[PDB]
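Single chain ahead, by itself, as structure tokens, in the form deposited in one PDB entry.
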């Protein structure tokens, strides 16, 4: 049930790619008649096998309505992670195609669902470290799920954070000051990334309004080396992503509470759930 044979995983197309990992759409077809189920397969790009094993162990341990469902594994010396496939794809793919169909009420319900999924992940003592719209999957127009855990780490025992020893290519434009200045990741650091994801969601994932595009227009291009320093300085000055068009004051105030410079001053996911639900009538 949880073991998928590689020869029967018929490649269809790519769903997404990282630096060292890729997610592909496959049809698991053991009958050879093309009636098999479509699944999302995460593997290693052409090791790092230990990190995919950790991700598998994390996802197998998560059971929640707003978290992509683990289905099993496929072995090669190598390993692949098998997950349910959500045909509507990420919010980055879905929102620009459905701008007219999705109103503020629906966006706020997605924000509650992501916070519920994140609060559940935090209760398991994990930090996601990669919360962005590209990682939020659309199950239906009424439901979303957190769909990738490639950077997820277990919080160091009796500590409030995880210290990254690598961070090779990480989503710096979604990162809190403590991640950028000290490589320390708190549950509060995910709260900051959430505020950035909420900003993406409210702009319908418009590429011109993306966190990278906006910050590249605020700071200016330098590439690779000085980007993080110039981002830290911009954040120290009190500059934040602006209020999206048609975002009400009440929603922006919640978003701004995700963006307090100090981790201890930020709102929690439980407070965000209650705050958004109070706006839903």
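Shifts are known only where both forms have a C-alpha. For the two forms, the rigid core is made up of the largest set of C-alpha atoms that agree within 1.5 Å on superposition. Positions refer to the first chain, counted from 1.
The records show that residue 77 is omitted from the coordinate set of at least a third of the other eligible entries of this protein. Gaps at residue 47 occur in at least a third of the other compared entries of the protein that contain both adjacent residues. In terms of unmodelled positions of the deposited sequence, the stretch from residue 76 to residue 77 in this entry skips 1 to 3 residues. In this entry, residue 46 and residue 47 are separated by 4 to 9 residues of the deposited sequence that lack coordinates. Comparing 220-228 with 48-56, the higher mean C-alpha B-factor in the PDB entry belongs to 220-228.
Taking the mean C-alpha B-factor of each stretch as recorded, 164-172 and 102-110 are not equal, and the higher mean is that of 164-172.
Set against one another, the Cα B-factors of 39, 67, 243, 251 in the record reach their highest point at 243. Placement of the Cα temperature factor of residue 159 within the chain: highest third of the modelled residues, per the deposited record. Per the deposited record, the Cα B-factor of residue 20 falls in the highest third when ranked against the other modelled residues of its chain.
Sort the modelled residues of the chain by CA B factor and residue 208 lands in the highest third. In the deposited entry, the Cα temperature factor of residue 97 places it in the highest third of its chain's modelled residues. Among the modelled residues of its chain, residue 152 has a C-alpha B-factor that falls in the lowest third, as given in the PDB entry.
As for the form deposited in another entry, it is not shown, yet the points below apply to it.
For residue 222, the Cα coordinates differ by 2 angstroms or more between the shown form and the other one after the core has been superposed. Segments of at least three consecutive residues in which every Cα is displaced by 2 Å or more between the shown form and the other one, once the core is aligned, occur only at 220-227.
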